[PDB]
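Participant: no letters, just coordinates:
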């Protein structure tokens with residue numbers, strides 16, 4: 001009857017939902033056209049490696065095209081939409097494919113982190129388009145709730161939207177839990193212990209990888225560091241028997257014995273052959289040390305930027321508790 005501001009907001013929310021599907025489809029097709037196809041023709045990575053990076057994305061595109069097609073089809077001649085509830089509830093089951101996808105994400109990301117070392121590739125965001133699908137999944141509750149809050153009590157979409165939101169919340173929570181477990185298992189199976197006393201039961205018992213990432217030490221060594229809930233593991237990414245592995249650099253440091261010290265920019269002292277500007281070389285460092293008699297250790301580690309350095313400080317402090 002009366003056109004309300006709320007109804008205009010509801011139409012905005014519905015239109016926005018479909019535009020996001022369109023944007024996702026466009027970006028995933030673009031990933032394949034600008035990155036996959038081009039690298040394949042120029043053999044920038046093996047067919048194996050490329051299949052492992054864009055291979056699954058192609059199974060997700062049809063899911064979103066189907067949702068978009070249905071949302072488009074239901075619009076009235078004037079472009080408005082009466083109900084989106086039935087369509088969402090009927091489409092949701094196809095999200096089961098996100099389980100398979102999110103589970104293989106760790107292997108793809110691990111490979112991708114290694115490839116940014118290859119010059120052939122870097123002589124080209126290839127590094128983050130893989131996060132697009134998961135980001136969309138995580139955002140569905142927010143997007144559907146934006147429609148719900150402007151949906152009137154006499155509109156049946158209220159119940160259907162409440163249902164869709166609840167179901168997706170359940171899907172996301174489960175996929176996030178499994179992803180966390182898969183990540184921790186994936187890296188534990190790839191740790192390589194080539195020297196005495198590097199194994200530790202705390203690594204074996206870990207079920208949570210708080211955070212991990214590349215850090216460069218004050219001697220120019222590129223390390224991949226893993227903060228499991230109770231133990232820090234410092235490694236170098238290497239290839240051992242056809243596979244990307246993480247060779248322990250020192251014995252693991254139990255979090256209960258890890259002393260963390262923030263270093264101000266310029267406080268670090270560098271060694272070895274010499275980021276390129278002197279200021280870039282001495283910024284964003286922190287120190288981790290471990291008292292262990294003859295095997296005591298100390299590491300001055302450099303994060304990727306100011307934000308990444310804080311992330312590391314926050315995670316280590318949180319794990320220590």
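Facilitator: Arrived safely. Numbers count the residues shown, from 1 in each chain.

Participant: going by C-alpha atoms from here, please, whenever you check contacts or count neighbours.
Facilitator: Noted.

Participant: find the centremost residue of the protein, please.
Facilitator: residue 131 (5.7 Å; CA atoms, centre = their mean).

Participant: distance of that residue from residue 185?
Facilitator: 20 Å (CA to CA, to the nearest Å).

Participant: next: residue 193.
Facilitator: Taken as CA to CA, the span from residue 193 to residue 185 is 16 Å.

Participant: now swap in residue 161 and tell me
Facilitator: From residue 161 over to residue 185 (counting by CA to CA), the distance is 36 Å.

Participant: which one of these two has more residues nearby?
Facilitator: The neighbour comparison of residue 161 against residue 185 (other CA atoms under 10 Å) goes to residue 161, with 25 against 16.

Participant: for the helix or strand hosting that one, buried residues please.
Facilitator: In the assignment (DSSP states H and E), residue 161 maps to helix 157-190. Residues 157-158, 160-162, 164-165, 168-169, 171-172, 175-176, 179-185, 187-188 are the ones in helix 157-190 that count as buried (16 or more other CA atoms under 10 Å).

Participant: and that helix, what other elements does it pack with?
Facilitator: helix 85-91, helix 97-115, helix 132-149, strand 209-217, strand 243-248 (3 or more CA pairs under 8 Å, 6 or more residues apart in numbering; DSSP states H and E).

Participant: angle of that helix against strand 243-248?
Facilitator: Going by axes from the mean of the first three to the mean of the last three CA atoms, to 10 degrees, helix 157-190 is angled at 70 degrees with respect to strand 243-248.

Participant: following helix 157-190, which helix or strand comes up?
Facilitator: Next element after helix 157-190 (DSSP H and E): strand 191-192.

Participant: mind listing what's buried along the very next helix or strand once past that next one?
Facilitator: Downstream of strand 191-192, the first helix or strand assigned by DSSP H and E is helix 201-204. Residues of helix 201-204 classed as buried: 202-203 (neighbour count, 16+ other CA under 10 Å).

Participant: ok, stretch 43-60 next?
Facilitator: Here stretch 43-60 shows 44-45, 50, 52-54, 56-57, 60 as buried, counting by 16+ other CA under 10 Å.

Participant: who's in contact with that stretch?
Facilitator: For stretch 43-60, the external contacting residues (CA atoms under 8 Å, 6 or more residues apart in numbering) are 28, 31-32, 36, 39-40, 97-98, 101, 108, 111, 120-121.

Participant: show the buried residues in these.
Facilitator: Looks like the contacts of stretch 43-60 have 28, 31-32, 36, 39, 98, 101, 108 buried, using 16+ other CA under 10 Å.

Participant: and those, which two are furthest apart?
Facilitator: Of all pairs drawn from the buried ones among the contacts of stretch 43-60, the greatest distance, 25.6 Å, lies between 39 and 98 (CA to CA).

Participant: am I right that residue 299 is in a strand?
Facilitator: Yes - using DSSP: H, G, I helix; E, B strand; the rest coil, the assignment for residue 299 is a strand.

Participant: need the contact list for it.
Facilitator: 217-218, 287-289.

Participant: which ChimeraX command selects the buried ones in those?
Facilitator: Per 16+ other CA under 10 Å, the buried members of the contacts of residue 299 correspond to this ChimeraX selection:
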select :217,218,287,288,289
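
Participant: looking at the contacts of residue 299, which one is closest to residue 280?
Facilitator: Of those, the one sitting nearest to residue 280 (CA to CA) turns out to be residue 218, at 12.4 Å.

Participant: so the closest one touches residue 300, yeah?
Facilitator: Yes - at 5.7 Å, residue 218 and residue 300 qualify as touching, with contact defined as CA atoms under 8 Å.

Participant: mutual contacts of the two, please.
Facilitator: residue 268.

Participant: which SS class is residue 154?
Facilitator: coil.

Participant: what about it, neighbour count?
Facilitator: Neighbours of residue 154 (other CA under 10 Å): 7.

Participant: the nearest residue to residue 161 once chain neighbours are set aside - how many residues pack around it?
Facilitator: Excluding its sequence neighbours, the residue lying closest to residue 161 (CA to CA, 6 or more residues apart in numbering) is residue 85, at 5.4 Å. Neighbour count for residue 85, taken as other CA under 10 Å: 22.
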